[PDB]
Structures are given as C-alpha cells and as structure tokens.
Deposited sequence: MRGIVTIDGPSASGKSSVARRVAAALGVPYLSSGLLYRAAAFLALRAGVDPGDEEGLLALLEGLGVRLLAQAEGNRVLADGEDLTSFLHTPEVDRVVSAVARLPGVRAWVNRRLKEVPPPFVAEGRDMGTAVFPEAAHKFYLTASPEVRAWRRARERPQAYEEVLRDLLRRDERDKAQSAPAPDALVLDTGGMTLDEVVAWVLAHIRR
C-alpha cells in the first residue's frame, strides 16, 4: 500500500503464514524478522562459538554478510551466498534461538537489516509494531493459546504435540497499543487474512 503493516505474535500464532498471504495480496514484500534470529542462532551453532560472546558473534554475522531475501513464496536467508533457509525451521534452532535473540547486539543487528528495506512491506515478528516500526500505519497482533500453538508447531516438527507443548510452556512481545488484536484460536487463519486485509484496505 503506502507504508508498513506489522503483524506480531508468539510462536506459531500464525503470523508467518498470515504475513506471507497478506503481503502477496497487496503486491508487497513480507519480512520475517524471526528468520534472521534463526539464522544468527544456526550460524553460532555451526561456527562453534560460545553464544555468550556477543562481539565474536556479531563479527561473524557482520562478516558473512547475512541477508534476508524477500520472495513472495517465502523469505530466504543467505550467508556468504549459501541459502541457509532449509536448516532454520528445525528443532535444534527452535531450542537455542532464544539464547541469541536476547542479546542486545543481535537484536540491533536484525533491526538494522529490517530498517534498510524501503516501504511498503509487511513485517512479522514479536516487536515489529513496538520496537522496530512504531510508526507503522497498520498494526496487528495475533494471539493464540499455548495448546493451539503447540498443535500447529507439531505439524511441522518430528516431535508430537505433547512434547512441543511442554517445550513451549518452558520457553514462555506485548502488543502495540494501536494494534488490532485477533485470537487465531477463534478465527481460522483464512478468516484472519481476510480480516487483516479488510482493515488495511479501508
């Protein structure tokens, strides 16, 4: 459209699929901020560094020129020209990404890469409408119960719901004050896409 749409929410709340669909429907890119955090975690694991060493990790990230490629069928992340995406939506990354996402310098690094992109676009994450694009014209926040979130994530991991839920509960972004809050347990994600688009297009 003109400017920026943010779609935030907890893990497996549906924000990823909804941002991709909304963006395609508006003919603009979507940016998955979490794919950059997943990349930072995956690189730190493979590099064999201590992720508590922020300086070394940033040198690694800054050095391999890690970049987000927004494609309409899905974002990709390249490191030194290698597409890392197929290694990022895995149990090992899910389990360690919080260690790196809490590092202030990692968040600054992800946010710099996001702020590089010219609007319009749809950006999805935890704090897109609060920390990174508080000026966004259209903000949405998708809530979901832990059960609904676990059930969804289990669909895409070797683990079953019982295990995913336990994991999610131990793992457990407030909404922006101006975000439309929608509970994806009560609306289907197809209904959510429609509803978010009706709002943006008003």
Deposited residues without C-alpha coordinates, grouped into stretches that follow sequence order:
173 to 178
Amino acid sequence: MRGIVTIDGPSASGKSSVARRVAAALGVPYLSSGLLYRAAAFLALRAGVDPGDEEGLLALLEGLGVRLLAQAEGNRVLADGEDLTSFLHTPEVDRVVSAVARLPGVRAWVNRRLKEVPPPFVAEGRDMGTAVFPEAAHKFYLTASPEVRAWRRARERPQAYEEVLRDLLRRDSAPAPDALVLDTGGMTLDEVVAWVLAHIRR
From here on, numbers count along this sequence of modelled residues.
Take the C-alpha B-factors listed in the entry for 56 to 64 and for 141 to 149, compute each mean, and give the stretch with the larger one.
56 to 64
Out of 115 to 123 and 67 to 75, which stretch has the higher average CA B-factor listed in the record?
67 to 75
At the C-alpha atoms, which of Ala40, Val49, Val28, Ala160 reaches the highest B-factor in this entry?
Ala160
Highest Cα B-factor in the deposition, which of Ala12, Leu189, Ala23, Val181?
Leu189
So where's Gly81 on the chain's Cα temperature factor ranking, which third?
highest
Hey, what third does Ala154 fall into on Cα B-factor, ranked over its chain?
middle
Among the modelled residues of its chain, the C-alpha B-factor of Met1 falls in the third labelled highest
So, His89's CA B-factor, relative to its chain, sits in which third? The highest
Pull the Cα B-factor of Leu169 out of the PDB entry and bin it into the chain's lowest, middle or highest third.
highest
